[PDB]
RNA sequence: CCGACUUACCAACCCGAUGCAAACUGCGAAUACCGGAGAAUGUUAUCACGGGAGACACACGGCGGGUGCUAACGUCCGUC
RNA sequence: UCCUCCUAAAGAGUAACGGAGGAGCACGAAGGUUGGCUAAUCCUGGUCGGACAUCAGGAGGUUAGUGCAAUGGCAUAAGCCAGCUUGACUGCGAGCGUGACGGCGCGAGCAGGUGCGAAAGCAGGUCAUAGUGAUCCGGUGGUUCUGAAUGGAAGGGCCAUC
RNA sequence: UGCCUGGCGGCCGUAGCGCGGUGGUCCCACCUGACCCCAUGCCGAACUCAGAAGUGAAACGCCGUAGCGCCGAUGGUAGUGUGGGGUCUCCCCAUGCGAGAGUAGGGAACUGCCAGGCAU
RNA sequence: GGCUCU
RNA sequence: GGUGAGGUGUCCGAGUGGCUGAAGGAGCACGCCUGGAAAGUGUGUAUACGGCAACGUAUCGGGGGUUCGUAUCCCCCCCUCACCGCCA
Ligand SMILES: [Mg+2]
Ligand SMILES: [Mg+2]
Ligand SMILES: [Mg+2]
Ligand SMILES: [Mg+2]
Ligand SMILES: [Mg+2]
Ligand SMILES: [Mg+2]
Ligand SMILES: [Mg+2]
Ligand SMILES: [Mg+2]
Ligand SMILES: [Mg+2]
Ligand SMILES: [Mg+2]
Ligand SMILES: [Mg+2]
Ligand SMILES: [Mg+2]
Ligand SMILES: [Mg+2]
Ligand SMILES: [Mg+2]
Ligand SMILES: [Mg+2]
Ligand SMILES: [Mg+2]
Ligand SMILES: [Mg+2]
Ligand SMILES: [Mg+2]
Ligand SMILES: [Mg+2]
Ligand SMILES: [Mg+2]
Ligand SMILES: [Mg+2]
Ligand SMILES: [Mg+2]
Ligand SMILES: [Mg+2]
Ligand SMILES: [Mg+2]
Ligand SMILES: [Mg+2]
Ligand SMILES: [Mg+2]
Ligand SMILES: [Mg+2]
Ligand SMILES: [Mg+2]
Ligand SMILES: [Mg+2]
Ligand SMILES: [Zn+2]
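Residue numbers (our numbering), protein chains in the order written: chain A, 12 to 188; chain B, 477 to 612; chain C, 23 to 74; chain D, -11 to 54; chain E, -2 to 113; chain F, 615 to 694.
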């Protein structure tokens, strides 16, 4: 809750100032962080899915929800109901603590990190990025690997616009560019 | 030859052709060829009258065709008895009531439209008349 | 018509039986239901037997 | 949260090469020694230097004199 | 949204009691207060009512939106219903779970003498 | 000689409809409407069958009426 | 690799205007039908039970339609 | 032979070697109940990942879904998830519908015993309408009802069923 | 009695959308926290519990507004029952019924029970 | 073992 | 004219929904033996369009459709094979 305290003391004062909001509830806030791993190769075997949920459970200390196909498509050889991915929703303190370990540890552990994009905010403040490789998290041991995965992070916030989320993450010194 | 591309059904009842029409006023263009009689036209009769007015204007001006043949007409072959199913679809017609504007035209003078619609009406079985765009 | 027919014999000692159908290919395991036995006027477990 | 199903999520200490010390809750268990943190990452100076286009005329005039 | 889904969640048993002709106890639940009212089978007029917004009930309490407040309410509405001669009703949860303050209310009304 | 067909079939008429109209005194259990869906709906003292058949639970006169926000058609038995 | 631009070769969606439908309907009659009340009229004309049948090859004409060519003193239905 | 729509003329019904389509099953959960939920498609952003997997938001508002054809229904969902379960109960059944009849159908309610639910209540198979075959003969289990001098038995009857 | 609000209805778009404005004593809402009751096919998101620091931002409610939606005459037209007629695939006459669409126009709902608050 | 033409 | 069956890469040929944008073989292209050819032998073996070559789209006669999915199911048009196209 270190970053939640930093939000509550300095980010709110900053954004109320730089936007001239009438109310403090008018301020943006982060709501949830969603961690998907779309695993389309688990149709070969469940153990690949079973290991991706084990890896992502080490990243965020939650058991992941194994997602399935909403419908059936033949280009990917799937039927409605096949387990095809895994997700984790992070809220509250576990959200903040992951967001701390992210922007403090893992983003520096990216090979050839040179910034993010500010053009990934889906028109309505919610930011989405995707990592190529799970070893940037230090939870994962490098020898203890099975397969180089990749996942994607989706930060869902209460910002109406795109810039209010851009200012919120910049208030958390989020490495755009 | 006008014809629907798809149809929900292949055949249709014979129906009737009673009542007055709806496409009465000259909507789009300035001059119109209005049906007075009653009956059914075809895609051949429509295309022949289109040719006769396109040639009569020397592709000058703009011609609308308000009708469209959407009714299939079946016929049984020669030396076939009256049973054994409905006949095969042979051609397509448009049911014409009195008052139906068949064609419209603008970009040309009135007298040229008169002689064009007269050349077109000589290909049509029904009795027609010439109309103009009425204000209101 | 692969769904063959069976009978659900009372386990109450009576020779009473309900008759019904099942797919023995997809349900190889025996059917056991708790049904009413009108002789004893109790709900008794019936078990699957052959229709014979 | 549920009781048993989630992994152990415990506060540990992570120290770095820049001498940063940060206590986080993690699934590692043991203490952690890092390599780069957000404090010591060369994102704000080094990546700025790391463009390094260089001039073609300046290489030319550098290689000799008329 | 939440209000509408609570109504959708309630409007089956409400229409069922509407065709049953049942005199019906209606609970309404807030984070701060809890409301109760006994409604005639026409659904258009009430008979008795109780709440934690009333002073005579709220002043005896610590917080209006706990289970102890809900039991005091279900007791009061039962004592008013039996004063007016209403004994058998049917409990409408109004889209809430039969749990917590709602369950403590209905258990208090059962204990005071109502029959459902 | 020649021909054939593929369209010779049709099914039997199920004799649906409204058997007792409005203002028409019925006994309890009397079938009012036979229908596929709930083209009509059951109001007071009127039950809905397995096949959406509307029968009278009591005795009295039939009342057709339109209620609800969806303007659905309800059938009720008035008391008499 | 990025493209460069300018055609008239078209064109999705949307919008506006205009038509068509037995197997379309956000509308909707006249009649017909069911039920109730009320006169007048009518040789109970109504219903139930019982005795005896015959008949189950129809025709044209009007209206509403299928089919056929809105062909047939054609054919198949509804109604008089 | 059976089902659905039109023809069919705004009650029912209504023919043709008239126009179009299906059925001769499936399910021990795809039933019951309690609790909860709400689609299609498109737009943007996003690791492998691509027109189309999974993820987040928005438009939209059922254009989806219904075990299968069509029609009528369906948000209180009849649609979708989970828990507990066997009412896919036995004897009856006022009263109606439909048929020339055989027959077919709907059914509140009563008695017994049961499941879910705190309870009111719901449940006598599935959203409904197709998924079927008379009698005879014969087989199996049960039942003393009968038992050709008497006692049994054979056989027959009745109930269930093939 | 006035105003406001909450709950349950009646009615089922003249009642709905949209746009603009506005509300926080109470109420409501968001909101704080969760070891517990209970819950998440992960997650206190929801459900639930314990509360009351903050805000009316959202939501809701109220007020206004004719961009729509909706309603909607009069007259006429279409059709049609009976009777009659013609040039009879279709129409006409007498008489009775009489639309739909469209037009003028209306129109930013109305109302009941209980409870609470502030005023009176 | 057989194994064409130029 | 009707009925029924059918229509596969260069060829023959198997091919009844999911490893069939294709078995297998032949032929063809390339190589080796040979003075040169053949015949032995060995190796490969779709077309177009699209991207940048990641690799993807289309085509089982052609065209439309069910389906998540069609070379395989259904319709249409053609083409062919077989049978019937009669008694007067
Ligand atoms: Mg019609
Ligand atoms: Mg006969
Ligand atoms: Mg006869
Ligand atoms: Mg006749
Ligand atoms: Mg005859
Ligand atoms: Mg006739
Ligand atoms: Mg005729
Ligand atoms: Mg004739
Ligand atoms: Mg006649
Ligand atoms: Mg009818
Ligand atoms: Mg009729
Ligand atoms: Mg179901
Ligand atoms: Mg429910
Ligand atoms: Mg995408
Ligand atoms: Mg069904
Ligand atoms: Mg015999
Ligand atoms: Mg004897
Ligand atoms: Mg004896
Ligand atoms: Mg507003
Ligand atoms: Mg909360
Ligand atoms: Mg506001
Ligand atoms: Mg009028
Ligand atoms: Mg009108
Ligand atoms: Mg309005
Ligand atoms: Mg308004
Ligand atoms: Mg030689
Ligand atoms: Mg030679
Ligand atoms: Mg294929
Ligand atoms: Mg001869
Ligand atoms: Zn560091």
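The beta-carbon is built from N, C-alpha and C at its ideal position, and this holds for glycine as well.
**Paired residues, beta bridge with residue 163(A) - DSSP** = 47(A), 141(A)
**Pair within 9 Å by beta-carbon distance, residue 619(F) and residue 560(B)** = yes
**Asked** At which residues does the alpha helix (DSSP H) containing residue 184(A) begin and terminate?
**Response** Per DSSP, residue 184(A) belongs to no alpha helix (DSSP H) and is neither H nor E.
**Request:** For residue 617(F), return the contacting residues in chain B, with the cut-off set at a CB-CB distance below 9 Å.
**Result:** 556, 557, 559, 560, 561
**Prompt:** Helix, strand or coil for residue 1(E) per DSSP?
**Reply:** helix
**Item:** Segment contact, 8 Å Cβ cut-off, at least three pairs: the stretch 37 to 50 of chain D with the stretch 127 to 146 of chain A
**Value:** no
**Prompt:** Is residue 9(E) near ligand 13, going by C-beta to nearest heavy atom under 8 Å?
**Reply:** yes
**Message:** So that I know if they touch, is there some Cβ in chain A lying closer than 9 Å to that of residue 37(D)?
**Reply:** no
**Asked** How big is the Cα-Cα spacing for residue 46(E) and residue 644(F)?
**Response** 42 Å
**Prompt:** With distances taken from CA atoms, which of 555(B), 529(B), 477(B), 580(B) is nearest residue 595(B)?
**Reply:** 529(B)
**Request:** List the endpoints of the continuous beta strand (DSSP E) containing residue 547(B).
**Result:** 547 to 551
**Request:** Could you work out which residues of chain D lie near residue 108(A), taking near to mean beta carbons separated by less than 8 Å?
**Result:** 12, 13
**residue 607(B) to residue 520(B) span [Cα, whole Å]** = 23 Å
**Message:** The alpha helix (DSSP H) that contains residue 74(E), what's its start and end?
**Reply:** 64 to 80
**Asked** Looking at C-beta atoms only, is the number of pairs between the stretch 68 to 75 of chain E and the stretch 42 to 59 of chain E that lie closer than 8 Å three or more?
**Response** yes
**Prompt:** Among the residues of its own chain, which have a CB less than 6 Å from the CB of residue 35(D), if the five just before and after it don't count?
**Reply:** none
**Prompt:** With distances taken from each beta carbon to the nearest heavy atom of ligand 30, which residues come in below 7 Å, in chain order?
**Reply:** 4(D), 5(D), 6(D), 8(D), 22(D), 24(D), 25(D), 27(D), 28(D)
**Request:** Starting from residue 92(E), trace the alpha helix (DSSP H) both ways and give me its first and last residue.
**Result:** Here residue 92(E) belongs to no alpha helix (DSSP H), and DSSP marks it neither H nor E.
**Asked** Counting along the chain, where does the beta strand (DSSP E) carrying residue 34(E) start and finish?
**Response** 31 to 36
**Message:** Counting C-beta neighbours from all protein chains within 10 Å, is the total for residue 6(D) 16 or more, i.e. buried, or is it exposed?
**Reply:** exposed
**Prompt:** Hey, quick one: how far does the alpha helix (DSSP H) through residue 582(B) stretch, first residue to last?
**Reply:** Here residue 582(B) belongs to no alpha helix (DSSP H); instead the beta strand (DSSP E) covers 577 to 582.
**Asked** Taking 9 Å as the CB-CB limit, is residue -7(D) close to chain A?
**Response** yes
**Prompt:** Opposite residue 662(F) in the DSSP bridges: which residues?
**Reply:** 668(F)
**Request:** Count the CB pairs spanning the stretch 59 to 74 of chain C and the stretch -11 to 3 of chain D that are closer than 8 Å, and state whether there are at least three.
**Result:** no
**Message:** So that I know if they touch, is there some Cβ in chain A lying closer than 9 Å to that of residue 2(D)?
**Reply:** yes
**C-beta neighbour in chain A for residue 23(D), strict 9 Å** = yes
**Asked** So, does the CB of residue -4(D) fall closer than 9 Å to a CB anywhere in chain A?
**Response** yes
**Request:** Helix, strand or coil for residue 88(E), going by three-state DSSP, please let me know.
**Result:** strand
**Asked** Based on the DSSP output, what are the partners of residue 564(B) in its beta bridges?
**Response** 551(B)
**Asked** Can you tell which of 611(B), 523(B), 572(B), 490(B) has the C-alpha that lies nearest to the C-alpha of residue 511(B)?
**Response** 572(B)
**Request:** For chain A, find out if any of its Cβ atoms is closer than 9 Å to the Cβ of residue 67(D); answer yes or no.
**Result:** A query on residue 67(D) cannot be resolved here, the shown segment of chain D reaching from -11 to 54 and no further.
**Request:** Return helix, strand or coil for residue 106(A), following the three-state DSSP convention.
**Result:** helix
**Request:** From the DSSP output, read off the bridge partner residues of residue 55(C).
**Result:** 68(C)
**Request:** Could you have a look at residue 21(D) and say whether DSSP puts it in helix, strand or coil?
**Result:** strand
**Message:** Checking the sheet assignment: what are the DSSP bridge partners for residue 688(F)?
**Reply:** 655(F), 679(F)
**Request:** For residue 26(D), go through chain A and note every residue whose CB falls closer than 9 Å to its CB, in chain order.
**Result:** 114, 115, 116, 118, 119, 184, 186
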